[PDB]
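# Analysis of the macromolecular model
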Amino acid sequence: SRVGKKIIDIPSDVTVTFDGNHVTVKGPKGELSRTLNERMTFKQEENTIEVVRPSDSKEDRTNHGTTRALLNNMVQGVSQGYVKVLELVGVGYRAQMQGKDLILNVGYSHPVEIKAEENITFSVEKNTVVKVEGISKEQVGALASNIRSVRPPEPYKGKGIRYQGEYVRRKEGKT
Amino acid sequence: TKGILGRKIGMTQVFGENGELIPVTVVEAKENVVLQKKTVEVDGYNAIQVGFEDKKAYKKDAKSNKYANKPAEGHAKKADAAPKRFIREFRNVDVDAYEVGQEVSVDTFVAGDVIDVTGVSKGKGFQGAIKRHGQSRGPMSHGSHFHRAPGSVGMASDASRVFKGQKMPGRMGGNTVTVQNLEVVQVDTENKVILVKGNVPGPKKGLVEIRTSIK
Amino acid sequence: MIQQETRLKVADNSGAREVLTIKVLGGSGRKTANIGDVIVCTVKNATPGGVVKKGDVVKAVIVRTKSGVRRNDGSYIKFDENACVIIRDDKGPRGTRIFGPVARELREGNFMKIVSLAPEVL
Amino acid sequence: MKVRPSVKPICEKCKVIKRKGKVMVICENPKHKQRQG
RNA sequence: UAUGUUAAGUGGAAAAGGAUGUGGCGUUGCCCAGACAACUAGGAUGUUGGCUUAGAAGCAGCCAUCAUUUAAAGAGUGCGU
RNA sequence: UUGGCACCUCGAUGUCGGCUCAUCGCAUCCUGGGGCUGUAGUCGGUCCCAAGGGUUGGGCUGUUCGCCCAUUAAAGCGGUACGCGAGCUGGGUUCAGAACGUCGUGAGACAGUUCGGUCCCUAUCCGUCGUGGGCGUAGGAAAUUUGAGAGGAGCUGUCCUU
RNA sequence: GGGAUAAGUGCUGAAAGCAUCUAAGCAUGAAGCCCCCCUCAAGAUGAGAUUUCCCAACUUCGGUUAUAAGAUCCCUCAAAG
Ligand SMILES: CC[C@H]1OC(=O)[C@H](C)[C@@H](OC(=O)NCCCOCCC#Cc2ccc3c(=O)c(C(=O)O)cn(C)c3c2)[C@H](C)[C@@H](O[C@@H]2O[C@H](C)C[C@H](N(C)C)[C@H]2O)[C@](C)(OC)C[C@@H](C)C(=O)[C@H](C)[C@H]2NC(=O)O[C@@]21C
Ligand SMILES: [Mg+2]
């Protein structure tokens, strides 16, 4: 696995506590704690960490590269942070806050409210651009998906909550 | 939340605020007394037992349930109460709002609650498939000899048997039935009567277990 | 209680002097109807002339019945004959008058032109 | 979603993948999404 | 007991066909001059030149498909009408 | 389904429709979730997941079927001895009467029509629906009980609002 | 109204430095599954739980009377048959 072996990781002003299996990364923006694969072992030199597979078996390899990028995501995220941008297109389609929760007005004859969680923060911009931010890449991904599932883009006028810079295949149905 | 043991007296009618005829049943709840307070660590589930009516006290040589037997006198004297005739218990209630020995009074119910009345049906005795099971009966003419009996009880060689649950003649009645989402129109505290909109199960002079709707 | 194969009088000047019913609209398996309910029916006696002629299939509304109706206060209104009125698929009559009394319950069904063109609302 | 015992690429942009036991094609043309086979 | 195979309860019912499921044995064309990835590095020129076709210059169809601005380049590998 | 085979049943396994009662499969008719579309939403078409429930009343024929008239959200396809006659009918078909057309010299014949034509049985066992008694639950009793399990429900329309 | 799911939709993610719903993990999702709602249910021989009532005196050794507490016989009845 190139991802796993070849690409060595780079702890940058963070504290990667490899406590046996359960690792514990902390830095500017907070602490993330995961249990990585058992059979794998880790070699932390100065300002660098390296993952090693036990064998050359498919299992050991598919797992190897998987939780070598799951460390990088933690260290790269507890230091620089992970953010997702969602745009809202459409006459009357808005985006507004309410005590760290997000009310959405997307033409649903009812206001939709996404409540926020730990280590996660929402923000709007010109009432159209929502922004989810946090340290886990899989929370920023989970929430941003939840907020696009409210009204995903449609194929005729593109109206809906689209990821910033996401190709919306536009059909041209006519009257 | 609330529960009272009563008995059914009959049905009448009341007129409502806008003139509507309200069909009602008169239920008589009097001297409902708590006799125990079941608890989770003592019995495994928290609830309270209410005794209704009033039997006479023990007498030697009693020949009827009119008088209490020695076993029941003791159970009721531990709650300083008189021997009672009907004993049931309630789980929906908060066991800590009741005390062993209190009277449950008709006024527990205010006008416009939602209650469930659980009684026993009236006995119809041994009946047949058309009254007991609502079955369409056969032709009464055109040379028929199949007037009221139930039809086929099965198939043929496949399942050379009658399946369980085949709706056949027998006793009708004597079943606990719970009508749901009834309401009380008035509670009278002096004659001790809770009036309930609609109709309830049972013969006249029966027993109904009114408590608060679970829905 | 009006079911199919029931003959009703027409209380209007549509042409139809008397009609019988086929179905009671309002539901699968619906069997009966009372005041304020619509039925499909085919006239059996027409006036010479008139807009509706004999043997036609028509929508119609029940205006009075012998079974009659309970009202919310325990008051009952009964009548001495079944009766009906033809409609133009807009809750409006086909004829220009309306003969005989009508029950107040037709007000609710928005058969207002039937209630307005009536000798007695009851 | 076509479910056909024969799942094969329809376009050059068509990728056969094996998800959860089933040989499927995911493509950018939603018409070319296929499932069994 | 030894050495290997399967991951489907296959074992413990079918078939034409379909498949980056996995194991073995060869054969092979490429690769430290550094093939293979997205390697986010350039992508166009007289020029659709000729038949230019609904005008249509990678699409309604004959392609005549010339050298390279160039480490790498095609009258465009190609998604398009 | 139309057949082929002739393996159980001729010391008899009542055969067609209808009625009463159902029960099960899903290759789903409606309802629920979806991918789609040559889907702008209503529209429809296609495919997938789905069997919980529901899945009309009549005219015509003995008819199953089919056609037709009104509805419905839909008016599903099959198994069950083409489910069910010791539960019912007996219109069709299949006894004896008769008659027409046809064939036969004739007696008679036709799966050609037509009118008429006896549906027996007091339930032993298993099964099933209710209802008692005996005994066991390490004393004899009166009352209140948890719930291992089991059964029942489970459908859906229109209008208004946005 | 919960909980777990079906087709499906994803999130992070490598084998296969790209991708990618999948292999680890973790989400969402149906009149369907489980609970929730109604009823029967300790012959549930695993025979369960709570409260109360009854409690001696002959044995020559219980393989013991008769009695408690409790019922029944019998009789007047029906809200039951
Ligand atoms: C009243 C008590 C007696 O019962 C009975 O009469 C019942 C009613 C009778 O039911 C039936 O008719 N079938 C059910 C009705 C079937 O309709 C279809 C239309 C037809 C026909 C037809 C065809 C040919 C002939 C025929 O050719 C001819 C002639 O003269 O040649 C005379 N006609 C009349 C024919 C008529 C019993 C049950 C009958 O059995 C049944 O017959 C069949 C042969 C087989 C049946 N299975 C095996 C499928 C069988 O179950 C018998 C034969 O009775 C005649 C029963 C025998 C034992 C008796 O003799 C008993 C003692 C009766 N005698 C009496 O006095 O008590 C009786 C019990
Ligand atoms: Mg024999």
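Thresholds applied
- Residues numbered from 1 in each chain as written, not as in the entry; some residues may be left out.
- Chains lettered and ligands numbered in written order.
- Part of a larger assembly, values for the part shown.
- Heavy atoms only, no water.
- Residues with missing side-chain atoms left out of burial classes, pairs and counts.
- Helix = DSSP H or I, 4+ residues; strand = E, 2+ residues; numbered from the N terminus.
- Contact = heavy atoms within 4.5 Å.
- Areas by Shrake-Rupley, 256 points an atom, 1.4 Å probe, with all protein chains shown as cover.
- Rg over C-alpha atoms; globule rule 2.2 N^0.38 Å.
- Domains from an automatic or database assignment.
- Nonpolar A, V, L, I, M, F, W, Y, C, P; charged D, E, K, R; others polar.
- Pairing = 2+ DSSP bridges.
- Axes fitted to C-alpha atoms, helices over the stretch in contact; angles between N-to-C directions.
- Buried area = accessible area lost by both parts, 1.4 Å probe.
- Salt bridge = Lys/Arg side-chain N within 4 Å of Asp/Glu carboxyl O.
- Polar contact = N/O pair within 3.5 Å; in protein donor to acceptor, adjacent residues only side chain to side chain.
- Near = heavy atom within 4 Å.
- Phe/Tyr/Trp six-rings, centres within 6.5 Å; stacked < 30°, edge-to-face > 60°.
- Buried < 20%, exposed > 50% of the residue type's maximum accessible area, 1.4 Å probe, protein only.
- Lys NZ or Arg CZ within 6 Å of the ring centre and 35° of its normal.
- Core = buried A, V, L, I, M, F, W, Y, C linked by side-chain atoms within 4.5 Å.

This part is about the overall build of chain D. The helix and strand inventory of chain D stands at zero helices and two strands. At a minimum sequence separation of 6, the contacts of chain D that also span at least 24 residues come to 35%. When the accessible area of chain D is evaluated, it comes to approximately 2,900 Å², of which 51% is carbon and sulfur surface.

With that settled, consider the overall build of chain A. In terms of helices and strands, chain A carries three helices and 12 strands. For 175 residues, the compact-globule estimate of 2.2 N^0.38 gives 16 Å, and the C-alpha radius of gyration of chain A, at 20 Å, exceeds that figure by more than 25%. Taking the principal axes of its C-alpha atoms as reference, chain A extends roughly 60 × 40 × 20 Å. Taking the contacts inside chain A whose residues are at least 6 apart along the sequence as the reference set, 51% of them involve residues at least 24 apart.

Of note, A:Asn47 is a non-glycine position whose phi angle comes to about 55°, a positive value. Counting through the fold element by element, A:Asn47 comes out in the loop between β4 (41–45) and β5 (48–52).

Where the parts come together, the accessible area they lose is often given as the size of the interface. Residue and element names in this part refer to chain A. Looking at the assigned domains, one finds that chain A contains domain 1 (2–80) and domain 2 (82–163). The C-alpha centroid of domain 2 is placed 31 Å from the C-alpha centroid of domain 1. On the side of domain 2, four residues touch domain 1, which itself brings eight residues to the contact. Those elements that provide at least two residues to the side of domain 1 that touches domain 2 are β3 (31–35) and α2 (58–79). Of the residues belonging to the side of domain 1 that touches domain 2, the class tally is one nonpolar, five polar and two charged.

Our next topic: the sheet that holds strand β10 (residues 176–182) of chain B. Residues and elements named next belong to chain B. A sheet is described by the order of its strands in space; here seven strands give the open sequence β10-β7-β13-β1-β2-β12-β11, paired in antiparallel fashion. Strand pairing shows two members of the sheet lacking a second neighbour, β10 and β11 (184–188), which therefore form its edges. The sheet shows a mean angle of 35° between the axes of neighbouring strands, taken without regard to direction. In this structure, strand β7 (residues 115–120) lies alongside β10, joined through five bridges in antiparallel fashion. Counterpart to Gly119 in the pairing with β10 is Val177.

A few words now on the interface of chain B and chain C. With four residues of chain B at the contact, the number on the chain C side is four residues. In total, chain B and chain C occlude about 260 Å² of area from one another, counting both sides; carbon and sulfur atoms represent 48% of this. The largest share of the area that chain B buries against chain C comes from B:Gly19, B:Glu20 and B:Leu21, three residues that together contribute 92% of it. There are zero salt bridges connecting chain B and chain C. At the junction of chain B with chain C, the criterion picks out one residue pair in polar contact. Tallied by class, residues from the side of chain B that touches chain C come to two nonpolar, one polar and one charged.

Turning to the protein's contact with RNA strand F, a few remarks are in order. Residues in contact with RNA strand F amount to 49 residues; listed here are only the nearest, B:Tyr45, B:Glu89, B:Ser152, B:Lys164 and C:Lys23. Sugar and phosphate atoms constitute 65% of the interface atoms of RNA strand F, taking the interface as everything within 4 Å of the protein. One nitrogen or oxygen atom from the main chain of B:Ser136 is found 3.3 Å from a sugar or linking oxygen belonging to RNA strand F. Here a sugar or linking oxygen of RNA strand F and a side-chain polar atom of C:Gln4 are 2.9 Å apart. Residues belonging to the surface near RNA strand F are distributed by class as follows: 15 nonpolar, 18 polar and 16 charged.

All told, the structure shown has two aromatic pairs over all chains when counted by the stated rule. Plain terms: the ring middles of A:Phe18 and A:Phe42 are 5.5 Å apart, the flat faces sit at 40° to each other, and that makes the pair tilted. Linking A:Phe18 in strand β1 (residues 15–18) with A:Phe42 in strand β4, this pair joins segments that are 24 residues apart in sequence. Summarising the burial analysis for this pair, A:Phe18 and A:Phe42 share the class buried. With a centroid separation of 6.3 Å and an interplanar angle of 35°, the aromatic rings of B:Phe52 and B:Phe86 are classed as tilted. With a gap of 34 residues between them, B:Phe52 in strand β4 (residues 47–52) and B:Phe86 in strand β5 (residues 86–90) connect regions that are remote in the sequence. B:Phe86 gets classed as partly exposed once you look at its relative accessible area, which sits at 21%. One cation-aromatic arrangement involves A:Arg151 over A:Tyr108; the distance from NZ or CZ to the ring centre is 4.6 Å.

Below, the discussion takes up the nonpolar core. One finds B:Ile4, B:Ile48, B:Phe109, B:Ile115, B:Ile194, B:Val196 and B:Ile210 to be the most contacted residues of the largest nonpolar core, which totals 23 residues. Put simply, the parts of the chain that give this core at least two residues each are β4, β7, β11, β12 (193–197) and β13 (208–212) of chain B. Residues in contact with B:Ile194, not counting those within four places in the same chain, are B:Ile4, B:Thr25, B:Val27, B:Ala29, B:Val106, B:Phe109, B:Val184, B:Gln186 and B:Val187. One finds A:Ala95, A:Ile120, A:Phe122 and A:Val130 within the second-largest nonpolar core, a separate group that totals 19 residues.

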